[PDB]
Amino acid sequence: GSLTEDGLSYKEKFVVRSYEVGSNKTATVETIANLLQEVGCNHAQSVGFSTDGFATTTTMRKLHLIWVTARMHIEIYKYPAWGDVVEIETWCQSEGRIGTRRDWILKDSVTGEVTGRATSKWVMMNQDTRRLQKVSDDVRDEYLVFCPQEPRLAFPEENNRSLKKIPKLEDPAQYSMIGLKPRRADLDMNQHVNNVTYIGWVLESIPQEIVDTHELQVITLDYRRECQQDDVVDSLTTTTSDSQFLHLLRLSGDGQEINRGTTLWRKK
Amino acid sequence: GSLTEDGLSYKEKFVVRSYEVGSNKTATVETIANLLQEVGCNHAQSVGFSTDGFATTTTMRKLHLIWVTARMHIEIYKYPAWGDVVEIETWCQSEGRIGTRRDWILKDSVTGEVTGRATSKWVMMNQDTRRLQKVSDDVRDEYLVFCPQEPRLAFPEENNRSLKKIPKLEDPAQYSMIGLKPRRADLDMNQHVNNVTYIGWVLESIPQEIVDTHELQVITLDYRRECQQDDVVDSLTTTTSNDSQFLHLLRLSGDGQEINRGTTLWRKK
Ligand SMILES: O=c1ccc2ccc(O)cc2o1
Ligand SMILES: O=c1ccc2ccc(O)cc2o1
């Protein structure tokens, strides 16, 4: 992997592994999501930021501030087959005082064709109190030199899927998968549940017949609260329609929302 | 990755990823186990075998026979750090009519030093009836040309740990993690639970304080029966012991049917 010529984006190639593919012998969306995090981490390292999933600058560490994902949006046109090489390009944009955005483009290394695209919204938080914050001028002015100054969007189209508001699933859910809990492999180096685990949990309540006859095309996921290591989650899904679904992850006991999202599936 | 000069073994380098490491910022044993399966798959593909976790010959496919793991034994001296490159060499050996063995050696790419080793026992089974069988002469004679003829062992030592008999944990277990179930990410391309998931489930019943103060050095795991996609597993652990040793048992949550048994050895950090 390497920073591009202008130093404002990063590229890395990955050979899809035998254990990374599903029943169609192509990479799962969780494998894709893990590769997006890996290339994001390598980009942060290359330009001098923290490497731990929080991409902090010097002033942020002094203030005990971290970056946390508010939303992940992924659209896949073709999942790479086992043994294939996929090239991923990533960059960050400053969105004023709201926060930052990290975008990605996926291409087939042999054809050069765009096979997928992703975008994510990140907000600043105190790591101890968990209190959200607007980005200050002194903090923002420090990282602006690592971003393209003009807008560069993986999802440019006006009123596109990536920015749509997601409603809250109403009980009773059409489908459910209850009592999901993280194991040590679901945790990151800081003992926090990996963001990709929540995508897997959302997908658990999709019926196996949809998975067997359809390909996932778009997933949009909002992150409201963390699942702790000793928490238990219920995954709820209701058809809203191509097949479209509305999703809700909540804590198994009190029903506290942790995530909400939508998926769009194309018949094979 | 590539076959070595003599065509009897295969080597591949891997750069450790950010999501592959634990609290020590080094690769977890499940990341290591996944890399061992990946290099085994690439070796099978390079010499013309099936690529699906069953490494079948044309004759085996005709007879609906597959290879299935009976035991996995891994010993790690140093876990590779995040960003480090690890080189893994793998080869297979025919063990007469009993079955086959796949061995691996792990090295730090920069120093060339052996950082770990692993060995696994594989038995032949009918895919449909799940009935085990000895290896036939016509099947064995077909794959012997892909193995070194003289013994080449990752664990040569006399009565070494890799071949030791594992006893059955007696109730009550000292520690337990109940109601473990696989999700789609735990499944392979054939919708079977990945062998590495069982290592993760075994480790779930080790107390967090042991994980925080010790490094896993050796794990030996026997595979008795598959966990199906809709099965639920209980993970049991009892201390048997500077070094801590444990006895492990995975069984189906309802009837208590054994799926795996194993042992782990941990050294204080
Ligand atoms: O790799 C990057 C690029 C831009 C960027 C901007 C802010 C930040 O905190 C981390 C960042 O990492
Ligand atoms: O890669 C290999 C090497 C030897 C070998 C021997 C038997 C077999 O079924 C698969 C095999 O794959």
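Counting convention: from 1, in listed order, for ligands and their atoms alike. Here is how names work: the chains are called A, B, and so on, in the same order as the sequence lines, proteins then strands, and each is numbered from 1.
No donor-acceptor distance shorter than 3.5 angstrom exists from the side chain of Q93(A) to the backbone of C147(A), with no hydrogens or angles considered. Between the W67(B) side chain and the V123(B) main chain, no donor and acceptor come within less than 3.5 Å of each other.
No part of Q45(A) comes within 4.0 Å of ligand 1, judged by heavy-atom distances. Only the side chain of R102(B) comes within 4.0 Å of ligand 2, judged by heavy-atom distances. Of the heavy atoms in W67(A), only side-chain atoms (C-beta onward) come closer than 4.0 Å to ligand 1. Contacts of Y10(B) with ligand 2, taken as heavy-atom pairs under 4.0 Å, are absent altogether.
Protein heavy atom at the shortest distance from atom 4 (C) of ligand 2 is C92(B) CB, 3.5 Å. For atom 12 (O) of ligand 2, the nearest protein heavy atom (residue, atom name, distance) is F49(B) CD1, 3.4 Å.
The option with the heavy atom closest to atom 6 (C) of ligand 1, from among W91(A), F146(A), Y143(A), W122(A), is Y143(A).
Ring pair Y10(B)/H43(B) is parallel by interplanar angle, where below 30° counts as parallel and above 60° as perpendicular.
When side chains are defined from C-beta on, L35(A) counts as touching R17(B), because their heavy atoms get closer than 4.5 Å.
Using a 4.0 Å heavy-atom cutoff, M60(A) is absent from the residues neighbouring ligand 1.
Remark: aromatic rings of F49(B) and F146(B) are close, center separation under 6.0 Å.
A salt bridge links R71(A) with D222(A); the closest basic N to acidic carboxylate O contact falls under 4.0 Å. The pair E87(B)-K107(B) does not count as a salt bridge, with every side-chain nitrogen at least 4.0 angstrom from each carboxylate oxygen.
Close N/O approach between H43(A) and ligand 1 is found [any backbone or side-chain N/O within under 3.5 Å]. At under 3.5 Å, a nitrogen or oxygen of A55(B), whether backbone or side chain, sits near a nitrogen or oxygen of ligand 2. Polar contact check, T56(B) against ligand 2: no nitrogen or oxygen pair lies under 3.5 Å apart.
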Side-chain atoms of residues 77-85 of chain B: list all donor-acceptor pairs with protein atoms under 3.5 Å, sequence neighbours left out, distances to 0.1 Å.
{"unit_1": "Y77(B)", "atom_1": "OH", "unit_2": "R117(B)", "atom_2": "NE", "d": "2.8"}
{"unit_1": "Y79(B)", "atom_1": "OH", "unit_2": "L216(B)", "atom_2": "O", "d": "2.8"}
{"unit_1": "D84(B)", "atom_1": "OD2", "unit_2": "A81(B)", "atom_2": "N", "d": "2.9"}

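Counting atoms of ligand 1 from 1 in the listed order, those under 4.0 Å from a heavy atom of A44(A) are 1 (O).
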